[PDB]
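1. got the complex split up, this is the first portion:
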Amino acid sequence: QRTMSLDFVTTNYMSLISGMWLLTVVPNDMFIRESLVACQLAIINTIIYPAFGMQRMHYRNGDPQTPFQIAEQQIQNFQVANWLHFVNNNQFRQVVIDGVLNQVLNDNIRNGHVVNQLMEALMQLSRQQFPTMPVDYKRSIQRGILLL
Amino acid sequence: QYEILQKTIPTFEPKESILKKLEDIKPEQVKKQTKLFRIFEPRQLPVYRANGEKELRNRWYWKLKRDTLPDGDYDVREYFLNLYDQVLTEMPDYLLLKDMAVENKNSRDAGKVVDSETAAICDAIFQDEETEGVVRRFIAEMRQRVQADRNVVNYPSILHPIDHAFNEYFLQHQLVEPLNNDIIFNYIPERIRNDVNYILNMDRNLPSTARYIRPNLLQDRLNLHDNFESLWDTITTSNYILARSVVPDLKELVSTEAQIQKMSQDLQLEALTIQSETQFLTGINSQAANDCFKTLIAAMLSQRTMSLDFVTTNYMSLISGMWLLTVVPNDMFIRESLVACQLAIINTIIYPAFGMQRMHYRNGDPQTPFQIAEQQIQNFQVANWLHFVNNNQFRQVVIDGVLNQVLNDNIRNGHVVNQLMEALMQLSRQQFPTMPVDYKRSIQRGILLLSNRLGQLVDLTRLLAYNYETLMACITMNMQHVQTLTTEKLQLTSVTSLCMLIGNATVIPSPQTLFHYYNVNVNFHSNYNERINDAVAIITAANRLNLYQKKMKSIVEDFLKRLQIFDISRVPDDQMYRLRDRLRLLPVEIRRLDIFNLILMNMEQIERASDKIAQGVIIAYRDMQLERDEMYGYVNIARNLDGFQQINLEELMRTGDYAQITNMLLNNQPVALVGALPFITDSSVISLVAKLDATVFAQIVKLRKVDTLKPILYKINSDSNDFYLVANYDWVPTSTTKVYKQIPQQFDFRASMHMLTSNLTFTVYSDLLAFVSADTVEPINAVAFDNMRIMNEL
Amino acid sequence: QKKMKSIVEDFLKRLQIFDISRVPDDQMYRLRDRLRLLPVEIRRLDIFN
Amino acid sequence: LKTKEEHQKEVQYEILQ
């Protein structure tokens, strides 16, 4: 049960689209919280919130709400908010088997079904026009989504 | 085969000192102490009974360690200022006791005592056969008490009660505050962590142990901008060159060396040659756009006053000066050179456009020629831009405890350019009635090279007021707006290279050079308030200790030295004795005030309990019995200076009028001299019967000097020779003069043990921005204070 | 006169993953304190009685 | 700047280590 700090550059959005897959499979309490937040804030502030046209996400650090837990409430699409209800609630579920305790996953990742939920959320960022982004940067960040 | 012919060149060492920039000032190396602050030490003395005979046992007494007290009552106060400068450098920032704890050689269970000296004391009492039993039993049950859940310990000590009050104050008053993840992010200023473009990240979380030393970041108690116009010039030219370092280079100029090779091997393939879309002018380069972007931002963040430099015969540098006065507020441009540029736009571009008569502007009129041409002009759109330039001012607001001067809200938006280019278009559709047609064609060709750049000039104003807004979060000291002495030359032919050579590429200051601009404005501001408080605590302790003779130029000479940016020898006594009248009025910081009272309350207990100095001798001219003590036997001592007229020998050397004492020493009046005299010990008894103690004062009458005074302190006891006079004959020894001297205290062991406490473990961390690793969002979409982006123009 | 730290110094040595010198002194006294509130094993107690 | 702060990391990470 070793925690796991992330390392990324915010410019490289193709390492950030695959940051969406990392959060939905690996549980969110595995990461150290000041880098889990800065990974979820980096997805919202440059991919998810400019896709729907809403303003950027000003985020106080000492806030007990993880930044997907705010954008799960404030986004209006249902295909991409029902995925943000999974990243906010895939923690480890403690069970006791054979006398020992082990942090076991849920039956929605152990059969791999939740990636099908992401691919309806990830595909609809590729259809949404990014209504202020330049046209050569919107099509390079929509085709980068369709690589995943 | 050589031969050397060498001559004597006279040596010449000029007065100077080294000056460092703000980029390399080392932070204060933290002090932690190694042994306790000891000024008293137990000593073994023989003891004498009431008869005077030597007793078989001995006795322990508190005496000073290195008792070097200078003589005369003024030199003692000069010693205690020197002691006060000795406790301050020994005063630790964080004190752990696990570093200084040595093993007790003999105890019940093998525990630790707190110092190598207080273990050397407690083993000196154990093997001493003459000690009592119940003192030896107390050393056995002298161990430490350790508590792991609160991580405090309790080590024993053997300290003097003056020594204990100095070490107990070092332990409870430490500069360590706890540190965790939620307090590293409060170290970053509020206009950066609440900014969209920078995303802040960190790997490791700090434990529940680790501590950090917070710097005293309170604003400058000296108003060094008020009446100090030679010290504020060098404290802002030291900030302007720091701020110039962190202002970033424009993306149109800078690239790496190999990219020139990477762009030369495909230039013949992809023919992109007029993509830059500019009309060239002679005198336009990109090294001046990069220069004028840095001397517009760094002269605002340090509040230098720029001075405009231009030629009147350049009709494009005067048009590009119209953008300059409408963005930078005119309080920064110097009045002798703002006016000569503000008038040159009027007499060349504005007033020939309307056909008006060119203005007679005399030297030194109180109205600047834009403030006198918004009344004389009758248009509406060029009288609306001339109202903005006449009322473009900084807005002094205090943000996060730091007063800093934000720009007007229209300048951060960009809307001022839409006020200028709306006015620069109506001025181009005028007829120019007086002037010929080629003069009309010379402006209408040049005023249209700037109206074609509206999308690239409404955005330079956004970027210039965002780099200034972002970097201003990293200052800490209070920026005041006062006109400085020396000016920074901004060439107006270098604003033209800025106004029409920028384009479509945001340069945003990277967060690794925001954390460096903030960690050198803390390392200088915390090296400011720790030199004020170090030089106020000596100025107030000089007046409190009554030092009327100390010239206090010296302890302001090193205050300006430790601020590493001032040259001392070109700052005269005028600007170092005005500064003493400001440092005197300040309250001394609480750690230095609470430790000067711990010297001032018992600067008479350190002075009285030491040999080789006695606080004045009294003279009686009558036989009186000298009192029996146990460490001296029989001594002509006087514990109270009562019943006698006093003469102050600090004043008898100061004024030097000896007419009082030499008329009171010939008539044999009883006199108690008061001062600090070096006394000698005359242990023989047959010198007492011969009355040697009275013959020492007659050298004040023949010779005026009083510093050559040595009063006699007798000591009559068994080891003294000829002692049988006291034994056989029933007489108590009688003296004439006795010395006003105090008895040393007894070393009572069970009453001097103190249980010093401190914590178990710290990990004191130096700077906190090594942990948080920030990075910037892609500058194509970088967001201003409006949620629209900058460099949005196609 | 028996340093109970030295029983816990080579308790962390037999456990092969820790090294002796780098543990803080805050935690070798919790580990000394949490180790006394435990009871002894029945085969190490009946050979001590 | 880059080398000075990357040396500033490894002196501050090493007090923890």
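-> Thanks, I have it. Residues are numbered from 1 along each chain as shown, chains lettered A, B, ... in the order given.
2. Tell me, how many residues neighbour residue 12?
-> Assuming you mean chain A. 11 (other C-beta atoms under 10 Å in any protein chain shown). C-beta: built from backbone N, CA, C; applies to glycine.
3. wait, chain D
-> 17.
4. ok, for it, nearest residue in space, not its chain neighbours?
-> residue B:770 (4.2 Å; C-beta to C-beta, 6 or more residues apart in numbering or on different chains).
5. I figured that neighbour hits residue D:9, correct?
-> Yes: under the criterion of C-beta atoms under 8 Å, residue B:770 makes contact with residue D:9 at 4.9 Å.
6. what sits against the residue nearest to residue D:12?
-> D:5, D:8-9, D:12-13 (C-beta atoms under 8 Å, 6 or more residues apart in numbering or on different chains).
7. Select from those residues every entry located in helices.
-> When DSSP state H is applied, the contacts of residue B:770 are split such that D:5, D:8-9, D:12-13 fall in helices.
8. Nearest the middle, which residue of chain D would you pick?
-> Chain D has residue D:9 as the residue nearest its centroid, 1.9 Å off, counting by C-alpha atoms, centre = their mean.
9. one more chain, chain E:
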Amino acid sequence: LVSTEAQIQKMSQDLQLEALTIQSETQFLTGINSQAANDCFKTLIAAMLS
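-> Same chains as before, plus chain E:
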């Protein structure tokens, strides 16, 4: 006395006679030596006593 190298560099940078509007003459700071201040002390007392 105050050293001459100190007071002149404070007096020639506060006055700033070189950067004035007039350039018909070379302007610098004259007569702030330590021999005239010692001479004005002698003259102003001896022409006052006699």
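10. The neighbour count of residue A:12 again, this time with chain E added?
-> So residue A:12, with other C-beta under 10 Å, has 11 neighbours.
11. do residue D:8 as well
-> 16.
12. Report the separation between the nearest residue to it once chain neighbours are set aside and residue B:273.
-> In space, and not counting its chain neighbours, residue D:8 is closest to residue B:770: 5.1 Å by C-beta to C-beta, 6+ apart. According to C-beta to C-beta, to the nearest Å, residue B:770 stands 46 Å off from residue B:273.
13. any idea how far residue A:71 is from residue B:375?
-> Taking C-beta to C-beta, one finds residue A:71 at 55 Å from residue B:375.
14. Spell out which residues of chain D are next to chain C.
-> Counting by C-beta under 8 Å from any C-beta of the partner chain, no residue of chain D lies close to chain C.
15. Can you list phi and psi of the spatially most central residue of chain A for me?
-> Per C-alpha atoms, centre = their mean, the C-alpha nearest to the average position across chain A is that of residue A:20, at 4.1 Å. Dihedral angles of residue A:20 (phi, psi; degrees, to the nearest 10) stand at phi -70, psi -40.
16. Kindly report the same for the one 4 residues further on.
-> In this entry, residue A:24 is assigned phi and psi values of phi -80, psi -10 (degrees, to the nearest 10).
17. build in chain F:
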Amino acid sequence: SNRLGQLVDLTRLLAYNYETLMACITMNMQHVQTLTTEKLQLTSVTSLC
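-> If we add chain F to the chains shown above, we get the following:
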């Protein structure tokens, strides 16, 4: 005007070295306008201040 505190202290001296030198004056101190004047330079007064 910033040099005030060291200029209150000059006229306290300039009128003390006059005050106690005038005690050693036995001739009468009559004051009339003399023909030849001992010249004082104001560039030598801006050095004393």
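18. and the gap between residue A:67 and residue A:60?
-> 10 Å.
19. Minimum distance to chain D, which residue of chain A gives it?
-> residue A:5 (12.7 Å; C-beta to the nearest C-beta).
20. circling back: got a list of what the residue nearest to the centre of chain D touches?
-> So residue D:9 contacts residue B:770 (C-beta under 8 Å, 6+ apart).
21. Most remote residue from the middle of chain A, which is it?
-> Distance-from-mean max, chain A, by C-alpha atoms, centre = their mean: residue A:99 at 34.8 Å.
22. Quick check: that residue vs chain F, distance?
-> 86 Å (C-beta to the nearest C-beta, to the nearest Å).
23. now do residue A:82
-> 74 Å.
24. do residue A:54 as well
-> 60 Å.
25. do the same with residue A:35
-> Distance from residue A:35 to chain F, counting by C-beta to the nearest C-beta: 57 Å.
26. Please apply the same query to residue D:12.
-> In terms of C-beta to the nearest C-beta, residue D:12 sits 46 Å off from chain F.
27. Kindly report the same for residue A:87.
-> 67 Å.
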